[PDB]
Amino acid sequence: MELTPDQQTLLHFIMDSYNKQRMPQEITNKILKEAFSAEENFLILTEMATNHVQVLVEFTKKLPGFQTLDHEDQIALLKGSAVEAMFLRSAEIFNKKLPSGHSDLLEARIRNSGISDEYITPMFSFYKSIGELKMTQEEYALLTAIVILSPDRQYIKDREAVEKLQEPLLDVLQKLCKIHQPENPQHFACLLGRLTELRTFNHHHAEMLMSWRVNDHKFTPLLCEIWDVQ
């Protein structure tokens, strides 16, 4: 029922590493400060996404046991989860409580950032489905680690080794749900169900990026490796 000593250590250790991220307010303060052109926004996106990949590799390297995995599998995990982690992190920031009308403005700014309307609806549909879950910081942190340690990723050779690493995180997450919402004995499964919608963002991420309303689509060397663009 309650969190054991080993689980309390895992959680706090996950929280510490998750906390090495660019503070949310910085990203939203900037978007809300003024309106930018589709060109300025594509550049804000590439800079933010390059820093996020770098932070994700450091977060991933700290996940208990990740280092012991076969090197090629380590690559397949990072590569397979980077786009999802980025959208889950964007979902987290989108649903953070803001002063009155600020979230309306944040949504308006993003909707008009340069992304094609084709991709706007699926994106806000996912961020909205996330906001309905009223996730805590510990939940976003655990869900991110669960996403990274997905044993059914493509080109994963040794799936069992990854299952062994993902299971303790699912266990801690499940215990937390059975506590933070005893009122919703579905919360754990609801959180897990969202991972299916997250996966849909892999399919058209490249299309979504190349469709941005700019005349040139310049990425960084790191983003080219991880996104399959250029």
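Numbers for residues come from their place in the sequence shown, where the first is 1. Heads up, when I say rigid core I mean the largest set of C-alphas that superpose within 1.5 Å between the two forms.
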Note: with structures superposed on the core, the stretch whose C-alphas sit farther off in 9 other deposited structures of this protein, 118-126 or 134-142, is 118-126
After core superposition, the stretch with larger RMS C-alpha deviation in 9 other deposited structures of this protein, comparing 162-170 and 39-47, is 39-47
Taking the deposited Cα B-factors and averaging over 40-48 and over 185-193, the higher mean is found in 185-193
When mean C-alpha B-factors in the record are compared for 71-79 and 85-93, the larger belongs to 71-79
Max C-alpha B-factor within the set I110, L143, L149, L98 falls on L98
When the entry's CA B-factors for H180, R199, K164, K61 are compared, the highest one belongs to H180
Of the three thirds of Cα B-factor ranks in this chain, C224 occupies the middle
In terms of its chain's C-alpha B-factors, the third that includes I14 is the lowest
Entry-reported C-alpha B-factor of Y119 relative to its chain, by third, is highest
Here the Cα B-factor of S125, set against its chain, lands in the third termed middle
Binned into thirds over the chain's modelled residues, the C-alpha B-factor of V53 lands in the lowest
